[PDB]
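Just so you know, residue 1 is the first one in the sequence shown, and it goes up from there. When a ligand or atom number is given, it counts from 1 through the structure's own listing order. Below, each value reflects all heavy atoms present in this structure, side chains not excepted, and no hydrogens, waters or symmetry copies.
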Amino acid sequence: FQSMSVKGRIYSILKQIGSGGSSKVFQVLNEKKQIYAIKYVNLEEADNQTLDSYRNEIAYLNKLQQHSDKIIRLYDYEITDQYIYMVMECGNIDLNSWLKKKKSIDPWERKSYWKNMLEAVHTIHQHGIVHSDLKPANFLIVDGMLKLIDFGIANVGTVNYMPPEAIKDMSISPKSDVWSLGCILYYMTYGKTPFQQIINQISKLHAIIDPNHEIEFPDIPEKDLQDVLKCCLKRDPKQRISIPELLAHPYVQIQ
Ligand SMILES: CN1CCN(c2ccc(C(=O)Nc3cc(-c4ccncc4)c[nH]c3=O)cc2)CC1
């Protein structure tokens, strides 16, 4: 219940949405009582690699504004040696909170949300970005439309959406994002994530890598949706469907 100034404009704090490590997200109001969301980043103890992660994200978020309206709007930012203030658009709820709350999920709504996600992820891919950590939390609902809020660039954690090739990478391509998007859609379809059954985290990782671990796809009145899920959840990235291929899929094109 204080106020902040961003590029000579005063914003009164309505409420705090999020709290990260060195960051805070607020629902704020301008002089004309218009709502915005302000991301505040305290830089006081951030390292060179951390500052560069924050600078890269702001540059990408600022460039990608113009390429899609499925990417969160960034009106303005203030960047000093001490802080970051990002003036952005306000959404009603994130997809994770929305999915946890929603008992039933309408096929028309699911399909529209899938399309929204494919467009956002496709845009970041066209600019050489692979998010690599997609989960419902990265999507905000803003006037019935899902928007991507994060690019995976800046640095509870859920191993439930991790691609099999990301686990193998110990001794990551656009296909990695296809696996994660497929998990979100599997959740929106069957009410759960593919490897949510495995309560233990150690064995959950073995399951994603195990080719003989059959993922269940119970029959749906939407057979097109069933193929999307079977194509996204292919353990071999080489055999996994691509985003340009998903945009031409009958599930997205045929109503
Ligand atoms: C019961 N429900 C009520 C609704 N509720 C939420 C949860 C999250 C957000 C949110 O993150 N909002 C925003 C987040 C961001 C953002 C955050 C991080 N990086 C970039 C942009 C930008 N604009 C926003 O409006 C807004 C509302 C959860 C509990």
Report yes or no: does a heavy atom of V142 sit under 4.0 Å from some atom of ligand 1?
no
Does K135 pair with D133 as a salt bridge, N-O distance under 4.0 Å?
yes
Please assess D94 against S97 for the test side-chain hydrogen bond (donor to acceptor under 3.5 Å, both in side chains), listing each intermediate value before the final yes or no.
CA-CA 6 Å; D94 61 291; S97 299; 2.7 Å; yes
Should the proximity of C90 to ligand 1, defined as any heavy atom under 4.0 Å, be assigned to the side chain, the backbone, both, or neither?
both
Indicate yes or no for a side-chain donor-acceptor contact from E119 to the backbone of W114 under 3.5 Å, with no hydrogens or angles considered.
no
Of all the atoms in ligand 1, which lie at a distance below 4.0 Å from a heavy atom belonging to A37?
22 (C), 23 (N), 24 (C), 25 (O)
Who gets closest to atom 17 (C) of ligand 1 by heavy atom: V25, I72, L148?
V25
Proximity of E89 to ligand 1 by residue part, where a heavy atom lies under 4.0 Å:
backbone
Set out, in order, the CA-CA distance, both residues' side-chain angles and the distance that settles salt bridge (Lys or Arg N to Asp or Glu O under 4.0 Å) for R240 and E165, then state yes or no.
CA-CA 11 Å; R240 199 179 294 139; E165 69 264 30; 2.8 Å; yes
Non-neighbouring partners of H122 that pass side chain to side chain donor-acceptor pair (under 3.5 Å), sequence neighbours left out
none
Are any of the N/O atoms on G91, whether in the backbone or the side chain, positioned under 3.5 angstrom from an N/O atom of ligand 1?
yes
Between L140 and ligand 1, which part of the residue brings a heavy atom under 4.0 Å of the ligand: side chain, backbone, both or neither?
side chain
Pair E222, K111 - check salt bridge (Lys or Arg N to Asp or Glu O under 4.0 Å), show working.
CA-CA 11 Å; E222 285 184 299; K111 189 170 148 154; over 6 Å; no
Provide the number and element of each atom of ligand 1 under 4.0 Å from a heavy atom of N92.
4 (C), 27 (C)
